[PDB]
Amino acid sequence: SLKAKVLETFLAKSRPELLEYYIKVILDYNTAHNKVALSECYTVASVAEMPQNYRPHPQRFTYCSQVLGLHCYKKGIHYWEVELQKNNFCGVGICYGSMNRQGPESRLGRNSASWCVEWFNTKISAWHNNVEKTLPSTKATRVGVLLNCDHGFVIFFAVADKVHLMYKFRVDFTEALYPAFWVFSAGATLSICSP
């Protein structure tokens, strides 16, 4: 009975209710690891068949096959959707801009600055600050991320014929959040959804 009443509302929402909060997300070429290929107007992230030799840049992940969106949000309510190739290792999440770009601890969910849902093939996890949380398998090839910066939470939704809670974190976000993407297996691809 505080603003957990807002959280309880958002967890109940249908697709058409979440699409009210739709944002365009465009991948930031400066952040992409050498192993991550950008395509379809910077909309699709895939494991390139060989490392890409991108220029050095303070924004660029040097260690983990990761890439960030261009825009960050420190206020308002934002929803985006990402289609996954089934039977692959990838992650979809959010991170502070101050998240490290170097080291094994730059891995999405392996630090305090990042929050994600992983697929190791069929098995699904939620991660934050190097705590894993095993979840029920889903056949859904699409995740919806709802970030509420006004009332400090994020929700990961599996999106099929309907929409089902995968996980959520309440946090007092200390700075703006960037959409974050992780691709690992040869065949991994994360497509940001446009219409």
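Just count from 1 along the sequence shown to find any residue number.
Averaged over CA atoms, B-factors in the entry run higher in 140-148 than in the other of 140-148 and 54-62. Of the two segments, 123-131 and 38-46, the one listed with the higher mean B-factor is 123-131 (C-alpha atoms only). The deposited CA B-factor of residue 76 belongs to the middle third of values across its chain. Ranked against the other modelled residues of its chain, the C-alpha B-factor of residue 95 as given in the entry falls in the lowest third.
The entry lists a Cα temperature factor for residue 117 that places it in the middle third of the chain's modelled residues.
In the deposited entry, the Cα temperature factor of residue 154 sits in the bottom third of values across the chain's modelled residues. Looking at the C-alpha B-factors along this chain, the one for residue 176 belongs to the lowest third.
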